[PDB]
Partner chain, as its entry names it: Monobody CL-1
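Take a look at this single chain in structure tokens; it is the form deposited without its partner chain.
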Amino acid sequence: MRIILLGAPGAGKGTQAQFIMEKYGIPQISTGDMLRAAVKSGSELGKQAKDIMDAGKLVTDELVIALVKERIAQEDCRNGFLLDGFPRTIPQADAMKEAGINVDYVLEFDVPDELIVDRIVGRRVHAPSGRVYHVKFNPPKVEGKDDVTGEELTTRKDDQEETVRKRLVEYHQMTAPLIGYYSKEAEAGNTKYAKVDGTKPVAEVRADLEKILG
């Protein structure tokens, strides 16, 4: 089972990415996570991303499509995967079509622009695993520590009001058009489209997803 998460920044795609992963098995492919790992481990394929990311700008299609093509490669993704943060553009979406990468479901996480700044300013992550918390809306069992390894949590470098603003716009310019893209795919029968209310409580969106899938 292949799946795509599609939504504004802070819409809770990642938070939902974890669940589907542990409950269905399929690995979670988060471009942003890979970019941040690579940027930190100084990998050759990704380290370049650094300045762009911290600016709020999207990274060049070519670099990202590569990474994804390299990760889907792994044998863990032979039974399905979860593209969480990709595609982010028509080119990127197009590139997947030619490569013959079909998805079973496309899930649009609907969340208002006004809700975004506050979700994001209070988001903390366990970088090593990408596990994502929120100091108020979905905190850790122990303040400042990852629930599975007890490791200190951190705040993302690009998680600041200003950068979130720049981030929202690009979303509206480049990514947003994709809702239309997959709507059309869904209409042709190529995929299954599903919008869900991302303002609801985590535990609740979780159940909506479970209704949509199985």
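Numbering follows the first chain given and starts at 1. Only residues modelled in both forms are compared. So that the term is clear: the rigid core is the largest set of C-alpha atoms that superpose within 1.5 Å between two forms.
Colleague: Return whichever of 97-105 and 125-133 has the greater mean Cα B factor according to the PDB record.
Modeller: According to the entry, 97-105 carries the higher average C-alpha B-factor.
Colleague: Pick between 169-177 and 141-149: the one whose mean CA B-factor in the entry is higher.
Modeller: The entry gives the higher C-alpha B-factor average to 141-149.
Colleague: Quick one: which of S43, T60, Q48, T163 shows the highest Cα temperature factor in the PDB entry?
Modeller: Answer, based on the entry's C-alpha B-factors: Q48.
Colleague: Please pick out which of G14, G198, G25, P9 has the largest Cα B-factor as recorded in the entry.
Modeller: Checking the PDB record, the top C-alpha B-factor among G14, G198, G25, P9 is at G25.
Colleague: By the record's CA B-factor, is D33 among the lowest, middle or highest third of residues in the chain?
Modeller: Answer is highest: the recorded C-alpha B-factor places it there.
Colleague: Lowest, middle or highest third: where is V68 by Cα B-factor in its chain?
Modeller: It falls in the bottom third of the chain.
Colleague: Lowest, middle or highest third: where is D158 by C-alpha B factor in its chain?
Modeller: Within its chain, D158 is a lowest-third residue by C-alpha B-factor, going by the deposited values.
There is another form of this protein, the form solved in complex with its partner chain, and it is not shown here; the text below is about that form.
Colleague: So in the deposited complex, does any heavy atom of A186 sit within 4.5 Å of its partner chain?
Modeller: Yes, contact at 4.5 Å.
Colleague: Can you tell me if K192 lies within 4.5 angstroms of its partner chain in the deposited complex, counting non-hydrogen atoms only?
Modeller: Yes.
Colleague: Considering only heavy atoms, tell me if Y133 and its partner chain come within 4.5 Å of each other in the deposited complex.
Modeller: No.
Colleague: So in the deposited complex, does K200 come within 4.5 Å of its partner chain, heavy atom to heavy atom?
Modeller: Yes - in the deposited complex, heavy atoms of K200 and its partner chain come within 4.5 Å of each other.
Colleague: Though its partner chain is not shown, can you say which of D110, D94, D118, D113 has a heavy atom within 4.5 Å of it in the deposited complex?
Modeller: Here the answer is residue option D110.
Colleague: Are there residues in 1-20 with a heavy atom within 4.5 Å of its partner chain in the deposited complex, and which are they, in order?
Modeller: Heavy-atom contacts to its partner chain in the deposited complex: nothing from 1-20.
Colleague: Please name the single residue among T60, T149, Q173, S43 whose Cα shifts by at least 2 Å between the shown form and the other one after core superposition.
Modeller: Meeting the 2 Å or more criterion is only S43.
Colleague: Out of closer and farther, which fits the Cα atoms of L45 and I29 in the deposited complex compared with this form, where the change is 3 Å or more?
Modeller: Pair moves farther apart in the deposited complex.
Colleague: After superposition on the rigid core, which segments of 3 or more consecutive residues show C-alpha displacements of 2 Å or more between the shown form and the other one?
Modeller: Three-plus residue run displaced between the shown form and the other one: 41-48, uniquely.
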